[PDB]
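In structure tokens, one chain follows: the form deposited in one PDB entry.
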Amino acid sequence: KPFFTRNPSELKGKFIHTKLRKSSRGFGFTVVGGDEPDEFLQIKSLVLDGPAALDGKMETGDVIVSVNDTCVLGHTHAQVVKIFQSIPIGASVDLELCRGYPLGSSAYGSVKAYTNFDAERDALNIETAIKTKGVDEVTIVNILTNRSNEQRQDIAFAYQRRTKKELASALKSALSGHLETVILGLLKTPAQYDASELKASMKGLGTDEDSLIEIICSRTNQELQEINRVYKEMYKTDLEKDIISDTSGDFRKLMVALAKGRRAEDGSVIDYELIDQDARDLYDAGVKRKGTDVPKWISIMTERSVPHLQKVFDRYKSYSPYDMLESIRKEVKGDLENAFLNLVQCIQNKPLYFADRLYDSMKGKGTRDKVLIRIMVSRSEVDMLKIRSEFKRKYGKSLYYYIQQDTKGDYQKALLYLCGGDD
């Protein structure tokens, strides 16, 4: 379970004392937690231009320690909410907040929020490192690879206010080589990172379908809405129409369909009839058919929920003498075959898919740094621990070990920090 305590002397981070005047719309913040008995109450969000945000002290993830001089450690959500609502308009509330506990991180990311976070100190330190004679890369890597992505957005903000220069511009000018690529990738938000990588994979008729496939096939609906949004903000065109430009045929069809990000959401009930029905349909459309009905495959694989499809592919083995991946490698070729194999891997076991892509990026002569870097950046706060345990199970040695063999210098150290562990 996450960390709890009823005693303020045992809380870790830093303490904030604020006074809010109750407005006609309350104090302007929502609270989360406090149903499970030993659960902190944390600030989930703030109403822009509302009393809490206008005051400027409260932040998301802050733990509510006490209200009006009464400790509420271990209060239920219902007891606390009642305290706030009883305060009449124009009266004020005193809030003691503990900063340093996380809200809503993935239990499977390798990279965690830094608990003693001081954006200003890091900005100062990275500036001092950038301006060292012969740049201090160690400090830059040491700091940025051990901050969460949203703490990096804060560092970038503080750096810009301290120097009047964007952080990412200052680091592009101070860094070089693969280290530059890692650090610049780390500085983007996930949606910005994926958008720019999608853009770079479509930089012309020389399209890198491998990279377009990796991102489009592996990102969830939520992730894709955000990507479609900031891609149009960043590049003043819709992601869909750049895909239509640089792709064609059934491959374009399947890429357009996935990139929309309107896959069915996880149902509450398992639909055994439709599972068998889909499994039958996939077989009818391929192995037992002359040629292959590609539209039926696109339809089923892009529209059903991921847990439903996991059971479809199992149930498909009842009908086909070849499983879904082996059937794909017999029925299609080229970019379309590649995309299908990538998608089915992501549905069946997304961490194993990334582990195999990481293994492929390093196993031979040299390194496919582009793939190695994008995976370590994009998955580090998502499922890197599952990726590592899948990789170690299959290949015997850790992911850490393979990175050590394939990379060197500060680049290697940055990738091992993103990896996590000491091995």
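One-based numbering along the sequence shown.
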| query | finding |
| --- | --- |
| Stretch exceeding the other in mean C-alpha B-factor - 49-57, 375-383 | 49-57 |
| Residue stretch of maximal mean CA temperature factor, 346-354 vs 246-254 | 246-254 |
| Residue of maximum C-alpha B factor among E197, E223, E240, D94, per deposited coordinates | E240 |
| Residue, from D35, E390, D360, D369, that the PDB entry assigns the highest Cα B-factor | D35 |
| Ranked against its chain, the third holding the CA B-factor of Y193 | lowest |
| Entry-reported Cα temperature factor of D136, expressed as the chain third it lands in | lowest |
| Position of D278 among the chain's modelled residues by C-alpha B-factor, lowest, middle or highest third | highest |
| Position of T207 among the chain's modelled residues by C-alpha B-factor, lowest, middle or highest third | highest |
| Ranked C-alpha temperature factor of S148 among modelled chain residues, by third | lowest |
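Although not depicted, the form deposited in another entry is the subject of the following passage.
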property: Chain position at the hinge linking the two rigid parts, options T292, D360, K22, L103, forms compared between the shown form and the other one; result: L103
property: Closer or farther: C-alpha pair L48/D122 in the other entry, relative to this form, given a change of 3 Å or more; result: closer
property: Closer or farther in the other entry: C-alpha pair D62, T189 (3 angstroms or more); result: farther
